[PDB]
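Here's the structure, in structure tokens; my notes come after.
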There are 4 protein chains.
Amino acid sequence: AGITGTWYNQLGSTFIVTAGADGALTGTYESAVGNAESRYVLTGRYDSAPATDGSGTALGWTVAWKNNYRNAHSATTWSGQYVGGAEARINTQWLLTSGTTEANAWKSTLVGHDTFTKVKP
Amino acid sequence: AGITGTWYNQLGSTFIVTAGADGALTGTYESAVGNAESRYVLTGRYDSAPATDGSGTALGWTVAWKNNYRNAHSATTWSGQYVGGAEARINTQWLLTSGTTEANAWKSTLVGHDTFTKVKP
Amino acid sequence: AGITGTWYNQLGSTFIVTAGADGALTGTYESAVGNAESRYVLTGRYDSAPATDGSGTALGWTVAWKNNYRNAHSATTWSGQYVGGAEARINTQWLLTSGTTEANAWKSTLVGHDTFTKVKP
Amino acid sequence: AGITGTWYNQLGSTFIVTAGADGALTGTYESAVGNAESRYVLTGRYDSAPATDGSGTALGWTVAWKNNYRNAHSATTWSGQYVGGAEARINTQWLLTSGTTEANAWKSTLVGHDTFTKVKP
Ligand SMILES: O=c1[nH]ccc2oc(-c3cccc(C(F)(F)F)c3)cc12
Ligand SMILES: O=c1[nH]ccc2oc(-c3cccc(C(F)(F)F)c3)cc12
Ligand SMILES: O=c1[nH]ccc2oc(-c3cccc(C(F)(F)F)c3)cc12
Ligand SMILES: O=c1[nH]ccc2oc(-c3cccc(C(F)(F)F)c3)cc12
């Protein structure tokens, strides 16, 4: 609430989240454009009693890249903070782990960053 | 199932998780001391239909470090895979974001790696 | 140059680097944040024969945060790629490890992302 | 400093390094079977005046995966600390960036961890 609603990253993904009063994040992450085949469940957690000192609100969530259509055998977690105000943002770093054999585990995890805005690009 | 159970990391943290038929992860994360003040909710997702080629099962979860007793204004995400068989393990890397001001955002996020076993370390 | 030149990140740190014919990076780094004063030595490596397919040029470098003035007992590595163009950029992610006791090792390493251009924000 | 010499990671790689009086790390990194084709230049930095409170020694280094024989168009940086004493260790986290097109940049960077010892695994 501040967090609840629709967010857009800088690469074409959208998600919709509900931030519950108990610290829950629940919603849907859509990897592209608009199609059902590109929508996935997301769940996570956030600090439901953040500071009001100019600090962001810590949070994180997961998407496992399986839906009824597709399965990439991988999951992303985003860890970051919500920054409110007129130009609100969710600033994140993420980890994308694929299921691998033990021989390939060294190359199982990508890292990157995403910034989400409320304003549809 | 494989995933469902009680896991421990190398620093004794206790991760009590249930893997639901839908890809859901739910449970609690706590200290080796086992006190209520050290116990926090988690939620996450896993690949409920992993590959059949020997690969692990991708998964992730989040803990926001607030409970009824304490608030660190912080959240951790773990991204990793479950590896089944002879001795089951969950290998992860994690991101811990604390709320910061914008000027301090460059130092908001720690990274590390945790390995979980069904035995204590 | 290409890579050789004076670059600035989104915080205004100054990265003065020379790319040698032998694949070496050498130069100085001056930070806009943290326990840092004046310049610090850097060294690194870059791909001196990048792909010709439109991909960027992979590179990395290290700064240990000790100079003749101050010592923060820590080191940052930046891993990334140079992207040529009308506004050339070096896009990185970085790891900042501090020397810690073993008890504190779990919190030894910060992660982030820096973007460098030849223009100071 | 305790750093100069040959180090081995968990997975078959060998680190030969000299820690100079100027805070420089210089050497080679071999992925190998043990052969010249598997050997790559490394350079980095370390804290040459670490804390005396029992903390480790911060360091980092880079290898670009090009030698006279091959070129993976990628570079790894290791960020970590040397822990001395009876069973000395270099504990690291690493970032491997490949040169990519901008469309592929989200999948440019792998993350992981390596532990180096004085004796072979
Ligand atoms: O918007 C994002 N931000 C950070 C990471 C990330 O990964 C994806 C993504 C979406 C669909 C499939 C897959 C893969 F790789 F096949 F598993 C990954 C989207 C996205
Ligand atoms: O088992 C772990 N593995 C990775 C990260 C991590 O953080 C904690 C932890 C627990 C309580 C509070 C806090 C803090 F920092 F104040 F936010 C962190 C446990 C744990
Ligand atoms: O420009 C940057 N980009 C990414 C990381 C980073 O760290 C520093 C930095 C500079 C001086 C001291 C320290 C600390 F924390 F005390 F060790 C860190 C600058 C900088
Ligand atoms: O020992 C290690 N520890 C962490 C990372 C890492 O990457 C390599 C490595 C070696 C040769 C080629 C390549 C690639 F992928 F083609 F660029 C990577 C070795 C190594």
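Simple scheme: letters A, B, ... for chains in structure tokens order, numbers from 1 for residues in each chain, numbers from 1 for ligands in the order shown.
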
>> List as number ranges by chain the protein and nucleic acid residues near range 13-18 of chain A, meaning an atom at most 9 Å away when only C-alpha atoms are counted, but skip any in the same chain fewer than 5 places from it.
In response: A: 1, 3-8, 24-33, 39, 42-43, 116, 120

Enumerate as an mmCIF file with N, CA, C and O atoms, in the first residue's frame all residues of range 20-114 of chain A assigned to strand (DSSP E) by DSSP on the backbone, naming them with the chain letters and numbers the document uses.
```cif
data_model
loop_
_atom_site.group_PDB
_atom_site.id
_atom_site.type_symbol
_atom_site.label_atom_id
_atom_site.label_comp_id
_atom_site.auth_asym_id
_atom_site.auth_seq_id
_atom_site.Cartn_x
_atom_site.Cartn_y
_atom_site.Cartn_z
ATOM 1 N N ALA A 24 2.997 -10.272 3.925
ATOM 2 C CA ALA A 24 2.975 -11.060 2.724
ATOM 3 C C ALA A 24 3.044 -10.281 1.475
ATOM 4 O O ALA A 24 2.405 -9.260 1.345
ATOM 5 N N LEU A 25 3.765 -10.773 0.460
ATOM 6 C CA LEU A 25 3.639 -10.352 -0.921
ATOM 7 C C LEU A 25 3.088 -11.496 -1.722
ATOM 8 O O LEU A 25 3.614 -12.615 -1.679
ATOM 9 N N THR A 26 2.039 -11.219 -2.491
ATOM 10 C CA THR A 26 1.453 -12.212 -3.368
ATOM 11 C C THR A 26 1.097 -11.584 -4.658
ATOM 12 O O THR A 26 0.641 -10.434 -4.683
ATOM 13 N N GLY A 27 1.160 -12.283 -5.766
ATOM 14 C CA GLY A 27 0.768 -11.710 -7.019
ATOM 15 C C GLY A 27 1.203 -12.510 -8.217
ATOM 16 O O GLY A 27 1.368 -13.754 -8.126
ATOM 17 N N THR A 28 1.338 -11.833 -9.311
ATOM 18 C CA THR A 28 1.608 -12.433 -10.636
ATOM 19 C C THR A 28 2.693 -11.653 -11.306
ATOM 20 O O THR A 28 2.630 -10.379 -11.322
ATOM 21 N N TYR A 29 3.652 -12.329 -11.941
ATOM 22 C CA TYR A 29 4.721 -11.718 -12.678
ATOM 23 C C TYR A 29 4.596 -12.092 -14.129
ATOM 24 O O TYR A 29 4.448 -13.294 -14.430
ATOM 25 N N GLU A 30 4.621 -11.113 -15.021
ATOM 26 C CA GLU A 30 4.407 -11.373 -16.453
ATOM 27 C C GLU A 30 5.674 -10.942 -17.155
ATOM 28 O O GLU A 30 6.128 -9.778 -17.092
ATOM 29 N N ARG A 39 2.765 -15.585 -17.724
ATOM 30 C CA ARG A 39 2.425 -15.180 -16.340
ATOM 31 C C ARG A 39 2.719 -16.265 -15.335
ATOM 32 O O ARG A 39 2.398 -17.438 -15.570
ATOM 33 N N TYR A 40 3.293 -15.871 -14.187
ATOM 34 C CA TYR A 40 3.775 -16.833 -13.199
ATOM 35 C C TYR A 40 3.390 -16.318 -11.820
ATOM 36 O O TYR A 40 3.341 -15.097 -11.564
ATOM 37 N N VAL A 41 3.208 -17.193 -10.897
ATOM 38 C CA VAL A 41 2.964 -16.848 -9.502
ATOM 39 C C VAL A 41 4.203 -16.208 -8.872
ATOM 40 O O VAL A 41 5.323 -16.687 -9.052
ATOM 41 N N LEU A 42 4.006 -15.238 -8.004
ATOM 42 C CA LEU A 42 5.065 -14.805 -7.140
ATOM 43 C C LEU A 42 4.609 -14.681 -5.726
ATOM 44 O O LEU A 42 3.438 -14.210 -5.523
ATOM 45 N N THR A 43 5.491 -15.084 -4.779
ATOM 46 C CA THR A 43 5.215 -14.855 -3.378
ATOM 47 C C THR A 43 6.475 -14.313 -2.774
ATOM 48 O O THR A 43 7.590 -14.645 -3.192
ATOM 49 N N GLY A 44 6.325 -13.564 -1.723
ATOM 50 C CA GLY A 44 7.452 -13.064 -0.956
ATOM 51 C C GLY A 44 7.016 -12.426 0.348
ATOM 52 O O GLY A 44 5.916 -12.687 0.836
ATOM 53 N N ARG A 45 7.904 -11.603 0.888
ATOM 54 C CA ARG A 45 7.731 -10.995 2.200
ATOM 55 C C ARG A 45 8.290 -9.579 2.147
ATOM 56 O O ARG A 45 9.250 -9.314 1.414
ATOM 57 N N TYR A 46 7.749 -8.705 2.991
ATOM 58 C CA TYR A 46 8.268 -7.353 3.105
ATOM 59 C C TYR A 46 8.183 -6.912 4.556
ATOM 60 O O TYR A 46 7.394 -7.483 5.328
ATOM 61 N N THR A 57 11.815 0.453 2.242
ATOM 62 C CA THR A 57 11.133 -0.642 2.856
ATOM 63 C C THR A 57 11.711 -1.972 2.308
ATOM 64 O O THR A 57 11.544 -2.209 1.092
ATOM 65 N N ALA A 58 12.362 -2.746 3.122
ATOM 66 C CA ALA A 58 12.995 -3.970 2.642
ATOM 67 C C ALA A 58 11.959 -4.998 2.230
ATOM 68 O O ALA A 58 10.900 -5.170 2.866
ATOM 69 N N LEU A 59 12.360 -5.818 1.249
ATOM 70 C CA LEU A 59 11.501 -6.797 0.682
ATOM 71 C C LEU A 59 12.219 -7.812 -0.128
ATOM 72 O O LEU A 59 13.402 -7.641 -0.460
ATOM 73 N N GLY A 60 11.435 -8.871 -0.493
ATOM 74 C CA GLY A 60 11.958 -9.832 -1.458
ATOM 75 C C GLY A 60 10.834 -10.685 -1.958
ATOM 76 O O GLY A 60 9.795 -10.844 -1.282
ATOM 77 N N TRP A 61 11.015 -11.270 -3.145
ATOM 78 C CA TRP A 61 10.064 -12.254 -3.597
ATOM 79 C C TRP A 61 10.725 -13.231 -4.539
ATOM 80 O O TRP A 61 11.835 -13.012 -5.036
ATOM 81 N N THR A 62 9.990 -14.333 -4.811
ATOM 82 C CA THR A 62 10.425 -15.408 -5.685
ATOM 83 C C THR A 62 9.396 -15.627 -6.787
ATOM 84 O O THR A 62 8.197 -15.613 -6.508
ATOM 85 N N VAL A 63 9.890 -15.930 -7.986
ATOM 86 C CA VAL A 63 9.099 -16.553 -9.060
ATOM 87 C C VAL A 63 9.824 -17.816 -9.467
ATOM 88 O O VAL A 63 10.991 -17.776 -9.850
ATOM 89 N N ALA A 64 9.139 -18.971 -9.359
ATOM 90 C CA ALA A 64 9.593 -20.177 -10.051
ATOM 91 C C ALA A 64 8.994 -20.170 -11.424
ATOM 92 O O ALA A 64 7.797 -19.963 -11.607
ATOM 93 N N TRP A 65 9.853 -20.360 -12.461
ATOM 94 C CA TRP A 65 9.459 -20.144 -13.856
ATOM 95 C C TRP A 65 8.735 -21.333 -14.465
ATOM 96 O O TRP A 65 9.061 -21.832 -15.553
ATOM 97 N N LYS A 66 7.746 -21.816 -13.714
ATOM 98 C CA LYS A 66 6.803 -22.870 -14.126
ATOM 99 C C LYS A 66 5.430 -22.280 -14.077
ATOM 100 O O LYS A 66 5.050 -21.706 -13.062
ATOM 101 N N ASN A 71 7.919 -24.353 -18.525
ATOM 102 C CA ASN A 71 8.729 -24.575 -17.332
ATOM 103 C C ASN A 71 10.178 -24.477 -17.703
ATOM 104 O O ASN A 71 10.709 -25.311 -18.465
ATOM 105 N N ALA A 72 10.874 -23.454 -17.204
ATOM 106 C CA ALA A 72 12.292 -23.229 -17.461
ATOM 107 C C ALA A 72 13.170 -23.916 -16.414
ATOM 108 O O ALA A 72 14.410 -23.772 -16.480
ATOM 109 N N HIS A 73 12.595 -24.646 -15.472
ATOM 110 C CA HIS A 73 13.367 -25.323 -14.465
ATOM 111 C C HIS A 73 14.338 -24.354 -13.781
ATOM 112 O O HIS A 73 15.531 -24.628 -13.638
ATOM 113 N N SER A 74 13.805 -23.242 -13.280
ATOM 114 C CA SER A 74 14.651 -22.203 -12.671
ATOM 115 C C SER A 74 13.737 -21.320 -11.883
ATOM 116 O O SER A 74 12.518 -21.264 -12.128
ATOM 117 N N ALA A 75 14.362 -20.532 -11.009
ATOM 118 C CA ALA A 75 13.622 -19.607 -10.129
ATOM 119 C C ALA A 75 14.460 -18.356 -9.922
ATOM 120 O O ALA A 75 15.673 -18.467 -9.798
ATOM 121 N N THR A 76 13.798 -17.215 -9.904
ATOM 122 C CA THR A 76 14.441 -15.962 -9.583
ATOM 123 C C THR A 76 13.991 -15.470 -8.233
ATOM 124 O O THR A 76 12.780 -15.502 -7.937
ATOM 125 N N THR A 77 14.909 -14.938 -7.453
ATOM 126 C CA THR A 77 14.569 -14.142 -6.286
ATOM 127 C C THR A 77 15.045 -12.743 -6.447
ATOM 128 O O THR A 77 16.176 -12.505 -6.891
ATOM 129 N N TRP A 78 14.185 -11.787 -6.103
ATOM 130 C CA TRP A 78 14.535 -10.360 -6.085
ATOM 131 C C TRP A 78 14.619 -9.928 -4.646
ATOM 132 O O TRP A 78 13.694 -10.177 -3.875
ATOM 133 N N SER A 79 15.707 -9.257 -4.278
ATOM 134 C CA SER A 79 15.908 -8.693 -2.943
ATOM 135 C C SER A 79 16.115 -7.213 -3.075
ATOM 136 O O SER A 79 16.932 -6.766 -3.929
ATOM 137 N N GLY A 80 15.406 -6.386 -2.348
ATOM 138 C CA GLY A 80 15.597 -4.947 -2.537
ATOM 139 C C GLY A 80 14.780 -4.151 -1.575
ATOM 140 O O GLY A 80 14.453 -4.567 -0.461
ATOM 141 N N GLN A 81 14.502 -2.904 -2.045
ATOM 142 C CA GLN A 81 13.726 -2.000 -1.166
ATOM 143 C C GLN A 81 12.808 -1.131 -2.036
ATOM 144 O O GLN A 81 13.146 -0.750 -3.146
ATOM 145 N N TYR A 82 11.626 -0.905 -1.466
ATOM 146 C CA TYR A 82 10.664 0.057 -2.000
ATOM 147 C C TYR A 82 10.980 1.439 -1.474
ATOM 148 O O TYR A 82 11.163 1.644 -0.264
ATOM 149 N N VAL A 83 10.983 2.403 -2.403
ATOM 150 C CA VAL A 83 11.236 3.811 -2.127
ATOM 151 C C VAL A 83 9.958 4.530 -2.557
ATOM 152 O O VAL A 83 9.570 4.499 -3.727
ATOM 153 N N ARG A 89 9.782 3.723 -6.484
ATOM 154 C CA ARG A 89 10.561 2.707 -7.160
ATOM 155 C C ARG A 89 10.656 1.499 -6.284
ATOM 156 O O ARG A 89 10.629 1.599 -5.052
ATOM 157 N N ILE A 90 10.865 0.339 -6.897
ATOM 158 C CA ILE A 90 11.393 -0.820 -6.185
ATOM 159 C C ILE A 90 12.754 -1.143 -6.811
ATOM 160 O O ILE A 90 12.833 -1.472 -7.982
ATOM 161 N N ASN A 91 13.827 -0.955 -6.021
ATOM 162 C CA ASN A 91 15.173 -1.195 -6.469
ATOM 163 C C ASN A 91 15.617 -2.543 -6.005
ATOM 164 O O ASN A 91 15.627 -2.802 -4.803
ATOM 165 N N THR A 92 16.032 -3.415 -6.935
ATOM 166 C CA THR A 92 16.335 -4.806 -6.593
ATOM 167 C C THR A 92 17.639 -5.274 -7.181
ATOM 168 O O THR A 92 18.120 -4.769 -8.216
ATOM 169 N N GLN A 93 18.157 -6.313 -6.555
ATOM 170 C CA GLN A 93 19.151 -7.193 -7.139
ATOM 171 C C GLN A 93 18.501 -8.576 -7.173
ATOM 172 O O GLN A 93 17.638 -8.889 -6.313
ATOM 173 N N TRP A 94 18.859 -9.416 -8.158
ATOM 174 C CA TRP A 94 18.204 -10.703 -8.258
ATOM 175 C C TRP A 94 19.223 -11.814 -8.499
ATOM 176 O O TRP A 94 20.324 -11.564 -9.018
ATOM 177 N N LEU A 95 18.782 -13.028 -8.174
ATOM 178 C CA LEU A 95 19.522 -14.258 -8.399
ATOM 179 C C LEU A 95 18.587 -15.222 -9.129
ATOM 180 O O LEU A 95 17.502 -15.496 -8.614
ATOM 181 N N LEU A 96 19.047 -15.802 -10.222
ATOM 182 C CA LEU A 96 18.253 -16.710 -11.070
ATOM 183 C C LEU A 96 18.988 -18.033 -11.071
ATOM 184 O O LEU A 96 20.023 -18.115 -11.775
ATOM 185 N N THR A 97 18.479 -19.041 -10.299
ATOM 186 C CA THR A 97 19.119 -20.361 -10.214
ATOM 187 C C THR A 97 18.341 -21.315 -11.091
ATOM 188 O O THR A 97 17.109 -21.414 -10.972
ATOM 189 N N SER A 98 19.049 -22.011 -11.964
ATOM 190 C CA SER A 98 18.506 -23.143 -12.724
ATOM 191 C C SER A 98 18.863 -24.444 -12.115
ATOM 192 O O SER A 98 19.944 -24.604 -11.559
ATOM 193 N N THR A 109 23.801 -20.162 -11.459
ATOM 194 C CA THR A 109 23.169 -18.949 -10.919
ATOM 195 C C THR A 109 23.591 -17.690 -11.615
ATOM 196 O O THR A 109 24.788 -17.302 -11.551
ATOM 197 N N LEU A 110 22.660 -17.000 -12.243
ATOM 198 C CA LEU A 110 22.876 -15.679 -12.757
ATOM 199 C C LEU A 110 22.551 -14.647 -11.716
ATOM 200 O O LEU A 110 21.683 -14.853 -10.834
ATOM 201 N N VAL A 111 23.194 -13.473 -11.806
ATOM 202 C CA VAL A 111 22.924 -12.339 -10.947
ATOM 203 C C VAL A 111 22.655 -11.119 -11.790
ATOM 204 O O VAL A 111 23.296 -10.940 -12.848
ATOM 205 N N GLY A 112 21.778 -10.243 -11.342
ATOM 206 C CA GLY A 112 21.539 -9.010 -12.028
ATOM 207 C C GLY A 112 20.768 -8.071 -11.155
ATOM 208 O O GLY A 112 20.704 -8.213 -9.931
ATOM 209 N N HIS A 113 20.205 -7.031 -11.789
ATOM 210 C CA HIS A 113 19.476 -5.996 -11.065
ATOM 211 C C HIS A 113 18.274 -5.569 -11.860
ATOM 212 O O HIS A 113 18.320 -5.617 -13.097
ATOM 213 N N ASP A 114 17.234 -5.153 -11.174
ATOM 214 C CA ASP A 114 16.014 -4.643 -11.840
ATOM 215 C C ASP A 114 15.545 -3.443 -11.060
ATOM 216 O O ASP A 114 15.562 -3.459 -9.814
#
```

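One finds CA of residue 121 in chain A at 23.8 Å from CA of residue 85 in chain C.
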
> Pick from A:19, A:70, A:84, A:100: nearest to residue 53 in chain A, with only C-alpha atoms counted?
Replying inline: A:84

Take chain D, lay it over chain B with a least-squares fit on all the Cα atoms in order, then hand it over as an mmCIF file with C-alpha atoms, in the first residue's frame.
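Listing of result-v2.cif after writing:
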```cif
data_model
loop_
_atom_site.group_PDB
_atom_site.id
_atom_site.type_symbol
_atom_site.label_atom_id
_atom_site.label_comp_id
_atom_site.auth_asym_id
_atom_site.auth_seq_id
_atom_site.Cartn_x
_atom_site.Cartn_y
_atom_site.Cartn_z
ATOM 1 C CA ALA D 1 9.558 -33.468 -4.023
ATOM 2 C CA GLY D 2 11.875 -34.264 -0.919
ATOM 3 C CA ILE D 3 11.749 -30.669 0.278
ATOM 4 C CA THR D 4 9.141 -30.697 3.051
ATOM 5 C CA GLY D 5 10.678 -30.870 6.486
ATOM 6 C CA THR D 6 13.418 -29.340 8.655
ATOM 7 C CA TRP D 7 16.733 -28.196 7.201
ATOM 8 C CA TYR D 8 19.868 -26.861 8.858
ATOM 9 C CA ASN D 9 22.520 -24.531 7.469
ATOM 10 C CA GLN D 10 26.194 -24.436 8.127
ATOM 11 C CA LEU D 11 25.950 -21.719 10.723
ATOM 12 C CA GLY D 12 23.251 -22.476 13.162
ATOM 13 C CA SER D 13 19.997 -21.572 11.387
ATOM 14 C CA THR D 14 16.996 -23.922 10.969
ATOM 15 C CA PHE D 15 14.573 -23.861 7.869
ATOM 16 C CA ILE D 16 11.093 -25.669 8.507
ATOM 17 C CA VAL D 17 9.194 -25.757 5.256
ATOM 18 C CA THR D 18 6.208 -27.348 3.534
ATOM 19 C CA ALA D 19 6.373 -27.763 -0.214
ATOM 20 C CA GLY D 20 2.748 -27.622 -1.367
ATOM 21 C CA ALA D 21 1.123 -29.155 -4.384
ATOM 22 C CA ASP D 22 0.639 -25.624 -5.754
ATOM 23 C CA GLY D 23 4.507 -24.983 -5.973
ATOM 24 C CA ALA D 24 4.476 -22.943 -2.755
ATOM 25 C CA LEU D 25 7.041 -23.018 0.020
ATOM 26 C CA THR D 26 5.708 -21.969 3.448
ATOM 27 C CA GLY D 27 7.244 -22.161 6.890
ATOM 28 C CA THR D 28 9.523 -20.509 9.302
ATOM 29 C CA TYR D 29 13.118 -19.672 9.601
ATOM 30 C CA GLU D 30 14.890 -19.566 12.950
ATOM 31 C CA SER D 31 18.321 -17.933 13.420
ATOM 32 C CA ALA D 32 18.190 -19.182 16.940
ATOM 33 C CA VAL D 33 19.211 -20.047 20.303
ATOM 34 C CA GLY D 34 15.909 -21.928 19.217
ATOM 35 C CA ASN D 35 13.451 -19.424 20.738
ATOM 36 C CA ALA D 36 10.371 -17.636 19.523
ATOM 37 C CA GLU D 37 12.188 -14.416 19.311
ATOM 38 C CA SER D 38 14.466 -15.930 16.635
ATOM 39 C CA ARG D 39 11.647 -17.200 14.424
ATOM 40 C CA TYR D 40 10.411 -15.490 11.273
ATOM 41 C CA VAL D 41 7.858 -16.306 8.550
ATOM 42 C CA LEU D 42 9.109 -17.552 5.216
ATOM 43 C CA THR D 43 7.399 -17.970 1.870
ATOM 44 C CA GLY D 44 8.721 -19.029 -1.528
ATOM 45 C CA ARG D 45 8.277 -21.151 -4.622
ATOM 46 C CA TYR D 46 9.755 -24.278 -6.072
ATOM 47 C CA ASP D 47 9.582 -26.157 -9.417
ATOM 48 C CA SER D 48 6.966 -28.867 -8.754
ATOM 49 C CA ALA D 49 7.787 -30.671 -12.012
ATOM 50 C CA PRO D 50 11.562 -30.750 -12.232
ATOM 51 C CA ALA D 51 13.551 -32.185 -15.086
ATOM 52 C CA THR D 52 14.107 -35.988 -15.083
ATOM 53 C CA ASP D 53 17.730 -35.746 -16.442
ATOM 54 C CA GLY D 54 19.449 -35.722 -13.042
ATOM 55 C CA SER D 55 19.227 -31.943 -12.545
ATOM 56 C CA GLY D 56 18.292 -30.350 -9.243
ATOM 57 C CA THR D 57 15.005 -28.700 -8.355
ATOM 58 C CA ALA D 58 15.030 -24.912 -8.585
ATOM 59 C CA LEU D 59 13.540 -22.964 -5.668
ATOM 60 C CA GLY D 60 13.705 -19.743 -3.700
ATOM 61 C CA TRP D 61 12.280 -18.133 -0.613
ATOM 62 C CA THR D 62 12.170 -14.876 1.341
ATOM 63 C CA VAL D 63 12.347 -13.998 5.017
ATOM 64 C CA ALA D 64 11.704 -10.408 6.143
ATOM 65 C CA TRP D 65 13.528 -9.966 9.457
ATOM 66 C CA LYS D 66 10.511 -8.688 11.357
ATOM 67 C CA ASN D 67 8.531 -10.752 13.831
ATOM 68 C CA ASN D 68 6.371 -9.839 16.801
ATOM 69 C CA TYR D 69 9.466 -9.112 18.866
ATOM 70 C CA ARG D 70 11.971 -7.360 16.706
ATOM 71 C CA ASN D 71 12.565 -5.705 13.360
ATOM 72 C CA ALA D 72 15.947 -5.503 11.569
ATOM 73 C CA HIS D 73 14.392 -3.584 8.605
ATOM 74 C CA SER D 74 15.851 -6.057 6.158
ATOM 75 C CA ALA D 75 14.975 -9.118 4.132
ATOM 76 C CA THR D 76 16.889 -12.102 2.783
ATOM 77 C CA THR D 77 16.145 -14.065 -0.329
ATOM 78 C CA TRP D 78 17.655 -17.499 -0.979
ATOM 79 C CA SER D 79 17.873 -18.754 -4.573
ATOM 80 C CA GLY D 80 19.043 -22.273 -5.187
ATOM 81 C CA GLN D 81 18.325 -25.861 -5.965
ATOM 82 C CA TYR D 82 17.440 -29.022 -4.053
ATOM 83 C CA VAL D 83 19.663 -31.957 -4.890
ATOM 84 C CA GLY D 84 18.160 -35.259 -3.907
ATOM 85 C CA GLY D 85 19.690 -38.673 -3.500
ATOM 86 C CA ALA D 86 21.617 -40.335 -0.792
ATOM 87 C CA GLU D 87 22.843 -37.123 0.848
ATOM 88 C CA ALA D 88 20.168 -34.520 0.021
ATOM 89 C CA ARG D 89 21.083 -30.840 0.069
ATOM 90 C CA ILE D 90 19.606 -27.450 -0.673
ATOM 91 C CA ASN D 91 22.407 -25.320 -2.218
ATOM 92 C CA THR D 92 21.730 -21.578 -2.154
ATOM 93 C CA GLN D 93 23.032 -18.171 -2.775
ATOM 94 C CA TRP D 94 21.377 -15.316 -0.884
ATOM 95 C CA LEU D 95 20.864 -11.554 -0.944
ATOM 96 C CA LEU D 96 20.169 -9.599 2.222
ATOM 97 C CA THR D 97 18.834 -6.067 1.628
ATOM 98 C CA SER D 98 18.418 -3.544 4.417
ATOM 99 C CA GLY D 99 16.238 -0.489 4.135
ATOM 100 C CA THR D 100 18.572 2.502 3.686
ATOM 101 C CA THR D 101 18.473 6.114 2.679
ATOM 102 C CA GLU D 102 19.412 6.750 -0.955
ATOM 103 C CA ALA D 103 22.829 8.034 0.161
ATOM 104 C CA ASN D 104 23.446 4.665 1.804
ATOM 105 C CA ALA D 105 21.938 2.462 -0.904
ATOM 106 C CA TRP D 106 25.306 1.414 -2.257
ATOM 107 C CA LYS D 107 25.830 -0.508 1.021
ATOM 108 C CA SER D 108 22.241 -1.918 1.253
ATOM 109 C CA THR D 109 22.841 -5.453 0.060
ATOM 110 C CA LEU D 110 24.939 -8.327 1.334
ATOM 111 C CA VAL D 111 25.526 -11.507 -0.674
ATOM 112 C CA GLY D 112 26.492 -14.951 0.488
ATOM 113 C CA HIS D 113 25.827 -18.649 0.239
ATOM 114 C CA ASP D 114 24.190 -21.262 2.501
ATOM 115 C CA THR D 115 24.109 -25.039 2.283
ATOM 116 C CA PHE D 116 21.217 -26.827 3.984
ATOM 117 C CA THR D 117 21.250 -30.440 5.146
ATOM 118 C CA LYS D 118 18.874 -32.844 6.855
ATOM 119 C CA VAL D 119 21.057 -33.329 9.820
ATOM 120 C CA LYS D 120 22.731 -30.639 12.113
ATOM 121 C CA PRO D 121 26.231 -29.487 11.370
#
```

>> Taking only chain D into account, list the residues labelled helix (DSSP H, G or I) by DSSP (computed from the backbone), as number ranges by chain.
In response: D: 36-38, 102-107

Let's have the selection written as a short mmCIF file (atom, residue, chain, number, x, y, z; two decimals), in the first residue's frame, with C-alpha atoms.
```
data_model
loop_
_atom_site.label_atom_id
_atom_site.label_comp_id
_atom_site.auth_asym_id
_atom_site.auth_seq_id
_atom_site.Cartn_x
_atom_site.Cartn_y
_atom_site.Cartn_z
CA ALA D 36 49.29 -24.43 -21.13
CA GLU D 37 46.04 -24.16 -22.90
CA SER D 38 44.27 -23.96 -19.51
CA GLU D 102 22.34 -5.59 -24.97
CA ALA D 103 19.35 -7.89 -25.57
CA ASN D 104 21.26 -10.65 -23.78
CA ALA D 105 22.77 -8.55 -21.00
CA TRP D 106 20.32 -9.80 -18.41
CA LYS D 107 22.02 -13.23 -18.70
#
```
